[PDB]
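Peer 1: As input, take query32.cif (mmCIF, C-alpha atoms and all ligand atoms):
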data_start
loop_
_atom_site.label_atom_id
_atom_site.label_comp_id
_atom_site.auth_asym_id
_atom_site.auth_seq_id
_atom_site.Cartn_x
_atom_site.Cartn_y
_atom_site.Cartn_z
CA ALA A 1 68.38 139.39 116.40
CA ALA A 2 68.53 142.88 114.86
CA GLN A 3 70.08 146.11 116.14
CA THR A 4 68.39 149.13 114.59
CA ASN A 5 70.36 152.32 113.88
CA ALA A 6 73.60 150.43 114.44
CA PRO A 7 77.06 151.85 113.74
CA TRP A 8 77.60 151.54 110.00
CA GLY A 9 80.40 148.99 110.44
CA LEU A 10 78.17 146.52 112.27
CA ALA A 11 75.47 146.88 109.62
CA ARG A 12 78.01 146.40 106.82
CA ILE A 13 79.29 143.01 108.04
CA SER A 14 75.71 141.69 108.19
CA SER A 15 74.78 142.83 104.66
CA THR A 16 75.82 142.11 101.08
CA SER A 17 75.47 145.80 100.09
CA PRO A 18 76.48 149.13 101.65
CA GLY A 19 74.12 151.72 103.05
CA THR A 20 72.10 149.72 105.57
CA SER A 21 71.67 150.63 109.24
CA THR A 22 70.61 147.37 110.94
CA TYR A 23 73.00 144.82 112.46
CA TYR A 24 71.59 141.31 111.93
CA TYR A 25 73.14 138.60 114.09
CA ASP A 26 72.44 135.35 115.90
CA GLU A 27 71.42 135.62 119.56
CA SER A 28 74.30 133.41 120.76
CA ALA A 29 76.47 136.52 120.17
CA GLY A 30 79.77 134.75 120.84
CA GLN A 31 78.94 133.57 124.36
CA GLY A 32 81.44 130.97 125.54
CA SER A 33 84.32 132.48 123.52
CA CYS A 34 87.18 134.67 124.71
CA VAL A 35 88.99 137.57 123.03
CA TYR A 36 92.32 138.92 124.27
CA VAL A 37 92.81 142.60 123.43
CA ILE A 38 96.54 143.35 123.40
CA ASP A 39 96.67 147.13 123.53
CA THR A 40 96.73 150.12 125.91
CA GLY A 41 94.33 148.35 128.31
CA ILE A 42 90.56 148.28 128.75
CA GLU A 43 88.37 150.51 130.92
CA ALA A 44 86.68 147.41 132.35
CA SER A 45 84.24 149.50 134.41
CA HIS A 46 82.56 150.99 131.32
CA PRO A 47 78.80 150.20 131.44
CA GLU A 48 78.93 149.05 127.80
CA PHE A 49 80.95 145.97 128.81
CA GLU A 50 78.35 144.78 131.37
CA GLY A 51 81.05 143.31 133.58
CA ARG A 52 82.31 141.02 130.79
CA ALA A 53 85.76 142.70 130.61
CA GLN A 54 88.77 142.40 132.89
CA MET A 55 92.45 143.26 132.83
CA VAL A 56 94.70 140.23 133.32
CA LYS A 57 98.20 141.62 132.66
CA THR A 58 100.02 144.94 132.48
CA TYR A 59 103.66 145.69 131.69
CA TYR A 60 103.60 149.22 133.12
CA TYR A 61 102.91 150.90 136.47
CA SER A 62 99.11 150.57 136.22
CA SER A 63 96.61 148.42 134.35
CA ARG A 64 94.39 151.43 133.58
CA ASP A 65 93.74 152.52 130.00
CA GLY A 66 95.00 156.10 130.09
CA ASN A 67 94.84 156.44 126.29
CA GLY A 68 91.46 155.15 125.05
CA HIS A 69 92.74 153.14 122.06
CA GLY A 70 92.40 149.71 123.67
CA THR A 71 89.00 150.58 125.14
CA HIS A 72 87.80 151.60 121.67
CA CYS A 73 89.04 148.37 120.06
CA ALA A 74 87.59 146.16 122.82
CA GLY A 75 84.24 147.91 122.42
CA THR A 76 84.11 146.99 118.73
CA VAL A 77 84.88 143.39 119.69
CA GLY A 78 82.11 142.99 122.25
CA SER A 79 80.50 146.01 123.85
CA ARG A 80 76.70 145.88 124.02
CA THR A 81 76.01 148.73 121.59
CA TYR A 82 79.19 148.90 119.49
CA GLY A 83 80.40 145.28 119.47
CA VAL A 84 80.25 142.43 116.98
CA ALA A 85 80.10 139.61 119.56
CA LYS A 86 77.92 141.13 122.25
CA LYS A 87 78.22 138.27 124.78
CA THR A 88 81.91 137.32 124.55
CA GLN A 89 84.44 137.55 127.38
CA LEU A 90 87.10 140.26 127.06
CA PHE A 91 90.62 140.01 128.49
CA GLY A 92 92.93 143.02 128.50
CA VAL A 93 96.71 142.88 128.16
CA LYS A 94 98.45 146.28 128.38
CA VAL A 95 101.61 146.18 126.25
CA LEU A 96 101.30 149.82 125.09
CA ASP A 97 101.79 152.80 127.37
CA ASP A 98 99.30 155.64 127.70
CA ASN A 99 100.87 157.43 124.72
CA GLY A 100 100.19 154.42 122.48
CA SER A 101 103.82 153.27 122.29
CA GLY A 102 105.57 150.08 123.29
CA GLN A 103 108.89 148.36 122.78
CA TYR A 104 109.00 145.21 120.67
CA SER A 105 110.29 143.12 123.60
CA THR A 106 107.15 144.01 125.58
CA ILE A 107 104.78 143.26 122.69
CA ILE A 108 106.43 139.84 122.23
CA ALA A 109 106.11 139.09 125.95
CA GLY A 110 102.42 140.01 125.77
CA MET A 111 101.83 137.48 122.98
CA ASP A 112 103.73 134.73 124.83
CA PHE A 113 101.59 135.54 127.88
CA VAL A 114 98.31 135.00 126.02
CA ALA A 115 99.50 131.65 124.67
CA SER A 116 100.03 130.43 128.24
CA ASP A 117 97.26 132.32 130.05
CA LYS A 118 94.47 130.82 127.93
CA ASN A 119 95.15 127.41 129.49
CA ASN A 120 93.73 128.59 132.84
CA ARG A 121 90.60 130.29 131.46
CA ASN A 122 87.21 128.72 130.78
CA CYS A 123 86.71 129.44 127.06
CA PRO A 124 84.85 126.39 125.71
CA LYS A 125 84.10 127.87 122.27
CA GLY A 126 87.62 129.14 121.51
CA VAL A 127 90.16 131.91 122.00
CA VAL A 128 90.86 134.99 119.84
CA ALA A 129 93.57 137.67 120.07
CA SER A 130 93.18 141.14 118.54
CA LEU A 131 96.36 143.16 117.88
CA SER A 132 95.66 146.72 116.70
CA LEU A 133 99.35 147.64 116.65
CA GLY A 134 102.43 147.34 114.49
CA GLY A 135 105.67 148.84 113.30
CA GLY A 136 108.55 148.26 110.94
CA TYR A 137 109.52 144.76 109.90
CA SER A 138 110.88 142.48 112.62
CA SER A 139 111.27 138.72 112.30
CA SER A 140 111.10 138.34 116.09
CA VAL A 141 107.69 140.02 116.30
CA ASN A 142 106.42 138.01 113.33
CA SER A 143 107.69 134.87 115.05
CA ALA A 144 105.83 135.69 118.27
CA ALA A 145 102.57 136.11 116.34
CA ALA A 146 103.14 132.77 114.58
CA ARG A 147 103.73 131.09 117.96
CA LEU A 148 100.48 132.52 119.34
CA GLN A 149 98.54 131.31 116.29
CA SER A 150 100.22 127.88 116.49
CA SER A 151 99.25 127.55 120.17
CA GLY A 152 95.59 127.48 119.10
CA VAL A 153 94.49 131.14 119.16
CA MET A 154 92.86 133.00 116.26
CA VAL A 155 95.27 135.93 115.78
CA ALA A 156 94.00 139.04 113.98
CA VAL A 157 96.41 141.92 113.29
CA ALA A 158 96.16 145.34 111.67
CA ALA A 159 97.69 145.88 108.24
CA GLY A 160 98.91 149.38 109.14
CA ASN A 161 98.04 152.95 108.18
CA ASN A 162 100.87 153.85 105.78
CA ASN A 163 99.11 153.50 102.38
CA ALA A 164 101.95 151.11 101.51
CA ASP A 165 102.62 147.41 101.08
CA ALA A 166 102.16 145.69 104.44
CA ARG A 167 105.13 143.40 103.66
CA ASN A 168 107.44 145.90 105.39
CA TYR A 169 105.48 145.97 108.66
CA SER A 170 105.19 143.59 111.61
CA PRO A 171 103.28 141.59 112.72
CA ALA A 172 101.21 142.47 109.62
CA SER A 173 103.67 140.66 107.34
CA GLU A 174 103.43 137.31 109.18
CA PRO A 175 101.59 135.06 106.69
CA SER A 176 100.14 132.63 109.24
CA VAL A 177 97.98 135.19 111.10
CA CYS A 178 94.97 137.19 109.80
CA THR A 179 96.03 140.60 108.47
CA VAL A 180 93.16 143.09 108.23
CA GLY A 181 92.83 146.11 105.94
CA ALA A 182 90.27 148.91 106.34
CA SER A 183 87.37 150.22 104.23
CA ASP A 184 84.95 153.15 104.48
CA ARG A 185 81.16 153.34 104.39
CA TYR A 186 81.06 153.69 100.58
CA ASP A 187 82.95 150.39 100.07
CA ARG A 188 86.21 152.16 99.23
CA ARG A 189 89.61 151.15 100.53
CA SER A 190 90.38 153.56 103.35
CA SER A 191 92.86 156.07 101.95
CA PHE A 192 95.32 155.35 104.79
CA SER A 193 95.02 151.56 104.59
CA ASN A 194 97.99 149.37 103.77
CA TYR A 195 97.58 146.78 101.01
CA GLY A 196 99.45 143.90 99.39
CA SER A 197 99.41 140.15 98.93
CA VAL A 198 99.84 139.51 102.66
CA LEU A 199 96.39 140.95 103.47
CA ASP A 200 93.72 138.34 104.18
CA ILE A 201 90.52 140.37 104.51
CA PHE A 202 89.11 143.89 104.81
CA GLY A 203 86.91 145.25 107.59
CA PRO A 204 85.21 148.58 108.33
CA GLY A 205 87.80 151.08 109.50
CA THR A 206 86.79 154.69 108.72
CA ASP A 207 84.69 156.68 111.23
CA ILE A 208 84.05 153.87 113.72
CA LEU A 209 81.96 154.78 116.77
CA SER A 210 82.88 152.86 119.93
CA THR A 211 83.61 153.12 123.66
CA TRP A 212 86.21 155.48 125.11
CA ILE A 213 87.67 156.17 128.52
CA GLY A 214 85.74 158.20 131.05
CA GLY A 215 82.64 156.13 130.33
CA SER A 216 82.22 157.95 127.00
CA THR A 217 82.23 157.22 123.26
CA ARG A 218 83.94 158.62 120.18
CA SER A 219 84.54 157.90 116.50
CA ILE A 220 88.03 157.33 115.04
CA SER A 221 89.64 155.75 111.98
CA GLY A 222 92.35 153.20 111.30
CA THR A 223 93.14 149.62 110.50
CA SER A 224 93.19 149.49 114.30
CA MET A 225 89.39 149.76 114.00
CA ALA A 226 89.02 147.12 111.25
CA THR A 227 90.91 144.41 113.16
CA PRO A 228 88.42 144.09 116.10
CA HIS A 229 85.57 143.71 113.59
CA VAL A 230 87.26 140.53 112.31
CA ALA A 231 88.36 139.38 115.77
CA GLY A 232 84.78 139.78 116.97
CA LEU A 233 83.45 138.03 113.87
CA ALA A 234 85.82 135.10 114.45
CA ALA A 235 84.56 134.59 118.01
CA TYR A 236 80.96 134.89 116.79
CA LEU A 237 81.59 132.17 114.18
CA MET A 238 83.47 129.93 116.62
CA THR A 239 80.56 130.05 119.09
CA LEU A 240 78.22 129.00 116.27
CA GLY A 241 80.56 126.08 115.51
CA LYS A 242 81.13 127.11 111.88
CA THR A 243 84.93 127.20 112.13
CA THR A 244 87.91 126.70 114.44
CA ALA A 245 90.74 128.94 115.58
CA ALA A 246 93.17 127.29 113.16
CA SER A 247 90.91 127.90 110.13
CA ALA A 248 88.84 130.95 111.11
CA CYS A 249 90.70 133.39 108.85
CA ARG A 250 90.30 131.17 105.77
CA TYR A 251 86.61 130.55 106.54
CA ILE A 252 86.02 134.30 106.79
CA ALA A 253 87.77 134.89 103.46
CA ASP A 254 85.85 132.04 101.80
CA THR A 255 82.49 133.44 102.99
CA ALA A 256 83.28 137.13 102.48
CA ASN A 257 81.63 139.59 100.15
CA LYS A 258 83.78 139.35 97.03
CA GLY A 259 84.53 142.22 94.66
CA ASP A 260 82.56 144.94 96.48
CA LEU A 261 85.53 147.22 97.21
CA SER A 262 87.02 149.95 95.03
CA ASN A 263 90.54 151.41 94.96
CA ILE A 264 92.01 147.95 95.56
CA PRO A 265 95.46 147.66 93.92
CA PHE A 266 96.18 144.67 91.71
CA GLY A 267 97.45 141.78 93.83
CA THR A 268 95.38 142.65 96.92
CA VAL A 269 92.33 140.56 97.81
CA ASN A 270 88.93 142.19 97.30
CA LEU A 271 87.18 140.54 100.25
CA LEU A 272 85.02 142.18 102.94
CA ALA A 273 84.14 140.41 106.19
CA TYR A 274 80.53 139.19 106.26
CA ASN A 275 78.57 137.05 108.72
CA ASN A 276 76.16 135.39 106.23
CA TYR A 277 73.33 135.67 108.76
CA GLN A 278 69.94 134.35 107.65
CA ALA A 279 66.89 134.58 109.90
CA CA B 301 77.82 143.05 97.21
CA CA B 302 97.45 135.42 106.50
#
Would you kindly transcribe this structure into structure tokens?
Ligand SMILES: [Ca+2]
Ligand SMILES: [Ca+2]
Peer 2:
Amino acid sequence: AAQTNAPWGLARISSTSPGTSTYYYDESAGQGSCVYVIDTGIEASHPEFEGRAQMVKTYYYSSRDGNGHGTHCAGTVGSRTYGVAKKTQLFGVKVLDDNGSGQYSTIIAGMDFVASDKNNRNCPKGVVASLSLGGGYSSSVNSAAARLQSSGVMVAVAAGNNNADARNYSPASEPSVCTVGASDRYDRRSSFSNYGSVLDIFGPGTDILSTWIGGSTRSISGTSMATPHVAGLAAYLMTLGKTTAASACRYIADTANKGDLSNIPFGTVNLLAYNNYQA
């Protein structure tokens, strides 16, 4: 399958070189897999989700996405026009309020919830969790992410937007999950992107067009945008049977475009997510 005039991020992860505009992918499109989006919620009624999204848990007064952040991330995972895995199932967990903030105790509870909730969902091809959030270092938050990964879920987390070493941020600093840096359309490290030895992979993160609340769309930037590219790619690869939840991050690194990025500090991997699609 090919999507013409795709968002540049979708074209980039299906190509070995920058500057293309077609998203090449296999028609299975991640059907049979499930992605939990742990964020501000998901506007499940958006036409771009085609009824494949639902809220399962909120820790606030409503389950509505009053911010837009979680709806944007979920759209990059698996909306029809802006998503990597266009046929996956999307589950929303609202651990952030409508200002984009949340206490660490709530974020930890949200991760423990996903580890248990997956056992009563029909996800035959595997389960993924996308966490476009973070803060200062906390061993309790890192531990919750490790538990979720250990329970059999592919955990993808943002490296953070501080232009610093991600070792001082959580859950980005947890080694056992998949920490995602951001790049721009000219194969440069995004100027805001964190770096360091804890990073596993880079994904497109600057000027990412995706769904927004009110049934609309908009373009924003962040490692929050790179993470759902990798979470979506994981579910796409799990549906194809190429990898498992326990080894998805390593498989993606092994099969990534190597050495294409510039402004990568010494000690940080130069690896860009890539789907290796061949018609
Ligand atoms: Ca290349
Ligand atoms: Ca890792």
Peer 1: Write as a PyMOL selection string the residues around ligand CA 301 (chain B), taking 6 Å as the cut-off and counting only C-alpha atoms and all ligand atoms.
Peer 2: chain A and resi 16-17+257+260
Peer 1: Show me the residues close to (96.2, 151.1, 131.2) - anything with an atom within 9 Å, counting all atoms listed in the file - and format the list as a PyMOL selection string.
Peer 2: chain A and resi 39-43+55+58+60-68+70+93-98
Peer 1: Select the residues contacting ligand CA 302 (chain B) at a distance of at most 6 Å, based on all atoms listed in the file, then format the selection as a ChimeraX atom specification.
Peer 2: /A:175-179,200
Peer 1: For a test of reading the model, state the distance in Å between CA of residue 128 in chain A and CA of residue 36 in chain A, rounded to one decimal.
Peer 2: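 Atom-to-atom, CA of residue 128 in chain A and CA of residue 36 in chain A are spaced 6.1 Å apart.
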Peer 1: Provide the CA of residue 13 in chain A to CA of residue 251 in chain A distance in Å, to one decimal place.
Peer 2: 14.5 Å
